[PDB]
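Protein chains in written order, with PDB author numbering: chain j, 56 to 109; chain i, 56 to 109.
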């Protein structure tokens, strides 16, 4: 009964792996988005820009 | 992230170099104008000229 019962534990562990996979797949986008954020913030830090570019 | 962020620094230094280039292009005119100014003043300093030349 215990050895048969372990199968749901296995399925839960790999369902959790799938959920963490989806989370990391979104974080790969969030990181690039923050990188473009910091790049545009560096570009907007300049006082030399005319107002339209800012 | 720190590597990709430097493109904005490159664009900023390049924009500043272009602005200093435009300022020097104006100064090349400004200095020749000051030189012709000093020549006209040295010509006007002399008393021998009649009123029309002054």
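No residue lacks a Cβ here, since even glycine has one placed at the ideal position from N, Cα and C.
- At least 9 Å separates the CB of residue 87 of chain i from every CB of chain j.
- Within chain j, the residues placing a beta-carbon under 7 Å from that of residue 56 of chain i are 90 and 93, ordered along the chain.
- Within chain j, the residues placing a beta-carbon under 8 Å from that of residue 64 of chain i are 97, ordered along the chain.
- For residue 61 of chain j, the enclosing alpha helix (DSSP H) has its first and last residue at 57 to 99.
- Going by beta carbons, residue 56 of chain i and residue 86 of chain j fall inside the 9 Å limit.
- Taken atom to atom, the span from the alpha-carbon of residue 60 of chain i to that of residue 101 of chain j is near 14 Å.
- Taking a Cβ-Cβ cut-off of 9 Å, the neighbours of residue 103 of chain j in chain i comprise 67, 70, 71 and 74, given in sequence order.
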